[PDB]
Every structure is written in structure tokens, then in C-alpha cells.
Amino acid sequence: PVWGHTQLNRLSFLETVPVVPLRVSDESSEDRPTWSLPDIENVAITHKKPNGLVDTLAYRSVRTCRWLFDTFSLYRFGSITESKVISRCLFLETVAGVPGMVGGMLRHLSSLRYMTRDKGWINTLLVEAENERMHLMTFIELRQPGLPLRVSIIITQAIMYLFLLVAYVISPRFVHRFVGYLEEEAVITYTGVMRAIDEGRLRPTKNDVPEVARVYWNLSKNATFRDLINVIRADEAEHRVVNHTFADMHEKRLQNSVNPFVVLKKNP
């Protein structure tokens, strides 16, 4: 009835674009996170011992990138203002939206050419990628950036896309581990920011939550900036365990097993 053969038999729906509204719900898929704030309050900073050369290489290269990025963004010294927080994450989530989508595509492409079951990996990686891009859609609202950032963002994609693509082919283990350790840093950053709100070292003006954040994370009009950070950090901690899991699975030759996290959205 709603979507059926008369609509399926139409050449184009170009005529309808003017009369369809812009809703903030349609910006993501319907696979939204659903956290409970006083629970996720207790998300904590973890660190996973690296096994071999690959994990060490992933860890050192994450650590060398934090440092570079700390020092070129003048961030390490000055006061922790709301402007250097938004503006740092802003840049960081342009890059964070990439690894999920290269891995997903590539798993998709082998599923097709070897004609084999993927068993839940692709969509987990595809929603990681959207989730990070939803973080971007949200920070964008809190603070539009300048031309310098806009330029670095664009060149950075080219370097990162190209790197991650060859990395994923040569060694998905390395990329899942590399992400794993990125998310350790992302959780460190965000718990720091929530600590600073609490100790009064940062009082934010942007103490609304933009509509895109409000529907996506299902927050109430009364939600503080700190609440926004809290859900975001939870999201990041999820990705932390999921990719450390996926890297472990690779290390143990389980790249073709069932993705465990498909289950861990069930109430047993």
C-alpha cells in the first residue's frame, strides 16, 4: 500500500523533491545508539597490551599522530577553552568516519567476489562510520571552522583514505588495532573534558544540544553539553572494544567467523 507497484512503476520522483521536508531523523539510519546517562557516566579509560610487531606498530603510529597533532594544533598549551575542544574533535571526526567505511566496503567486496557470508561484520563497521560522522554533524553546529581547518581536513582525507585502503588490504589486523588505540585516546580526551566541566575549569556557552544530537541520541531538551559529551564518549568506548575485538579475531584467524556483537544487541 504505502510503497507498492504503482510507485515502483514510476520513471522518476524528481517532481516530489520540493514538497518533502528536511528532517533531522533522516540524516542517519535508524540504528541509533540508546544509552542511559547515569550508567554511561562510569565509562572508563582502558589500555590493551599489544602483542606483536603489528600491534606495537599500530600503537606507536597512533602515539606519534597524537603528538604531531597535539603540537601543530597548539593545543597542549593555552587554556582548555571550549573553542579548542570543539575545533580539535571537529578535525578528528572527519578522519574517524573513514576506517569504518573502508573496512566495510572491503568486507562487502570479498563477500561478493568469493560468494561467502559476512556474518554481521559489514553493518557494524558501516554504523561505526556513520556514528562518527554524526559526531561531526553535531560539532559543526557548536562551531563552524575557518578556511585553514577546511583545507587541512581536505588534504588529510586524501592521505588517510589512501593509507587506510592499502593498510586494510595488506593487514586488516593492523587497521582494527590502530583504530582500537585511537578510541582509547578519544575516551581519554572526553573524560578529561567532562572532568573539566565538573571541576569548573570549563563552563560552556553552547549548553543547548543541537537538534541532530537530540533526536539521534534521544536526549531531552533539558540535556547539558556535558550530557552530549557523555553519550559521545560512550559511543567511542564501544568502538574501542569492537575494533580491539576485531583485531584479536584477525590475530587468531577468525576473520571469517560470526561478529560477536550481533548477539550483544539481544536482551537474554
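If you superpose the two forms and keep the largest set of C-alpha atoms that fall within 1.5 Å, you have the rigid core. Numbers for residues come from their place in the sequence shown, where the first is 1.
- Looking at 72 to 80 and 102 to 110, the one farther from the shown form in 7 other deposited structures of this protein by average CA distance, after a rigid core fit, turns out to be 72 to 80.
- Core-fitted comparison in 7 other deposited structures of this protein shows that, between 201 to 209 and 231 to 239, the CA atoms farther from the shown form belong to 201 to 209.
- Between the stretches 120 to 128 and 84 to 92, it is 84 to 92 that shows the larger average CA temperature factor.
- The mean Cα B-factor in the deposited entry runs higher for 31 to 39 than for the other of 31 to 39 and 234 to 242.
- Within the selection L11, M249, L22, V258, the deposited Cα B-factor values reach their highest point at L22.
- In this entry, the residue among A58, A223, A44, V215 with the greatest C-alpha B factor is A223.
- Ranked by C-alpha B-factor against the other modelled residues of its chain, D198 falls in the highest third.
- The PDB entry assigns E141 a C-alpha temperature factor belonging to the highest third of its chain's modelled residues.
- Among the modelled residues of its chain, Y114 has a C-alpha B-factor that falls in the lowest third, as given in the PDB entry.
- When the CA B factors of the chain's modelled residues are split into thirds, the value for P172 lands in the middle one.
- Per-chain ranking of the deposited C-alpha B factor places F163 in the lowest third.
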